[PDB]
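Just the one chain here, the form deposited in one PDB entry, laid out as structure tokens.
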């Protein structure tokens, strides 16, 4: 007998047992599928799809650019980005007609967001291509470095503290004739280095996408951020959209649409559902199309708002794609390896590369400028998802029976990457005609539906973004099982996070009681192993075992000690929500209770409120008692800033004089130094008054404060 679990799908329907078709529980440990060759393929295919368009020469970067818009009508089923502006405008007009006032209210909310936002928001992004150092760097450090360079280049609008001010600063920068970059050499002796960038060099650096998929520089974060705010505002008001809702709302949306399309169907109407994916989403979304749709959306609006919203597509339409690290060359005769940076790929012979790479380089050479390829048509992932969703929802909404003028009519959702159409018509001829019309209109707008990945079946069953719908039952596997191991904050934080995630999975993720019990057992075992806090009675001979044994031999109510101190686990489906120290507070021994919770212990540390009893993964919040087991683990570890920690050093010593600064964003008009000076003077005076300070300290403090005053005045 041979075990063959796939045969199980002869009794248990596929949707019911879908958990078996998902191999991994967590991140697979290889993380492969990216490289410079992939970027070459992407550029070549993007320019291939749009090849039939007009070829132009940009006046600033000198790079060639492609314009497929209003191109000749597609004649074949291959993916084509030859979208028509008139058609997208008509589609947006109909969308506004069927949802009057959506564009206007979205614009008002976006205006509010533009006005109130701040610069520091850009420190909340992911890895970012710092143009100043010409490499990837953290969002916070990249922003600090860009601010430093702008300050050294006489651009300090961002000093006001507003994101739009930083955008105006970038505006000033890109029109500058030359940019000066200063760097320090940190060892042995320290020096200085100055570099000068002409207008074209900096312009190219601003419109670059470092590929590691790609990440733009701080130049093009704010404009896309505001366009994303607008798109999110529009989508929040659309029923057919799929963003930015969570797991629970997706099921409701799916059920609503399916019931609406099925029940309204009469006894003489046939219904079908097309579960579909898009051939190549970001490779056929011309930025000009988004500019046209934003122009339509922001009709009759303040000009500043229109321009702030229009910069992002304008910037993206002339963007540059970087070519990563380069290539690796290996010689077997002398077992000699070398790295060739992609910069010289323009002017290197075509004999070290295989046939496929030779074709790639031959196709990409004419489009290569200063080591970066000019990619006008197409787009990159993770930036214009919401606006693309808006366009998809517009074309879907075009299906209303009034527009079609004929019996057939369609509806459904759209989540950018994938979608699920539903078509109603009298006969199968009607269904065919409706699907044909939908397909042709999507092509005209410039959208290609993956014919291979898209299948059509009578209404009742479908899939949508990993949500499997079968006759009303929706199965969720978008994220699959979470990570039940210790997150790795500290003892108490990890315990609370584990119990809380088990509880949340039980409430929302449809997890079972026995499954929750087993998850708790596994988590407690993992915790005990990781933190060397095995039971005081058990002998496992770890580094910590002796002290735990002494503690156990010392106490009396051994059922009260924490897990991390050698105590029994007392959790269950009953009290997953109860913090540990509380859950066994009553049992705690008086002396152990006093020691464990002594607030003068040197092992407790609290950071700013945003990082107190909260962890970043998305983020989740946990409840725990600040005990001796709340310690913080040790930290592990060409720069424009002379001292990378000057800002962190500065904010510290503010918390000292003003502890409230840690809790709430402090507000005041006086500069900081005078604030510390006044607080210190008052504190020293009152300290002398009490009698715990003598004359010498008072004199020293006042001399020091006076000297600081003189130093700051000058």
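Numbering follows the first chain given and starts at 1. Basically, rigid core = biggest C-alpha set you can superpose within 1.5 Å across the two forms.
One more form of this protein should be noted, the form deposited in another entry, which is absent from this view; the next part is about it.
Residue from 479, 73, 93, 328 whose Cα, after superposing the rigid core, lies 2 Å or more away between this form and the one not shown: That would be 479.
Did residue 40 shift 2 Å or more between this form and the one not shown, C-alpha, core superposed: Not so; residue 40 is displaced by less than 2 Å.
Core-superposed comparison between this form and the one not shown, residue 58 Cα displacement 2 Å or beyond: No; that C-alpha moves by less than 2 Å between this form and the one not shown.
Large Cα shift (2 Å or above) at residue 271 between this form and the one not shown, core-fitted: Comparing forms between this form and the one not shown, the residue 271 CA shifts below 2 Å.
Sense of the change in Cα distance from residue 162 to residue 647 in the other form - at least 3 Å versus the shown form: Farther is correct, given that in the other form the C-alpha spacing of residue 162 to residue 647 is increased by at least 3 Å.
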